[PDB]
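Structure, as structure tokens:
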């Protein structure tokens, strides 16, 4: 509330830039367990190149389509929390409606 002079941003682009703002050995760790349960598969096995080699707009677009763009973004932050990735998540969350997740 109050302060902060930043125009409107893009939510979808926030997930791509955020998920990429973290190391592959991080996003995968969460998606490995978080997605495993929260979601019902829909991607290849262990692959650190999924983030480093490939791109976020590619892996993200597939994830959002897997179960949904909604829980998709949440699956990133929700699992990123236990990782202490509040650094970049600070905005991403406030840009994807963190209120949706506890």
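Residue numbers (the entry's author numbering): 1 to 102.
We put the CB at the ideal spot given by N, CA and C, even for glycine.
Should residue i and residue j be called a contact, given that it needs their Cβ atoms to be closer than 7 Å?
i, j, result
"residue 56", "residue 92", "no"
"residue 19", "residue 60", "yes"
"residue 97", "residue 89", "no"
"residue 49", "residue 66", "no"
"residue 68", "residue 30", "no"
Taking the alpha carbon of residue i as the point to measure from, which residue in the options has its own alpha carbon closest?
i, options, result
"residue 39", "75, 84 and 100", "75"
"residue 26", "90, 97 and 85", "85"
"residue 6", "95, 51, 21 and 81", "95"
"residue 83", "73, 63 and 22", "22"
"residue 10", "4, 30, 73 and 44", "73"
Nearest-angstrom Cα distance between residue i and residue j?
i, j, result
"residue 47", "residue 2", "43 Å"
"residue 37", "residue 102", "17 Å"
Within a Cβ cutoff of 7 Å, which residues of the same chain sit near residue i, ignoring the five residues on either side of it in sequence?
i, result
"residue 52", "24"
"residue 100", "74"
Might you give, ordered along the chain, the residues of its own chain that have their beta carbon closer than 8 Å to the beta carbon of residue i, omitting 5 neighbours on each side?
i, result
"residue 14", "73, 91, 92, 95 and 96"
"residue 44", "50"
Residues in the same chain with beta-carbon distance under 6 Å from residue i, minus the five sequence neighbours each way, listed in chain order, please.
i, result
"residue 64", "72"
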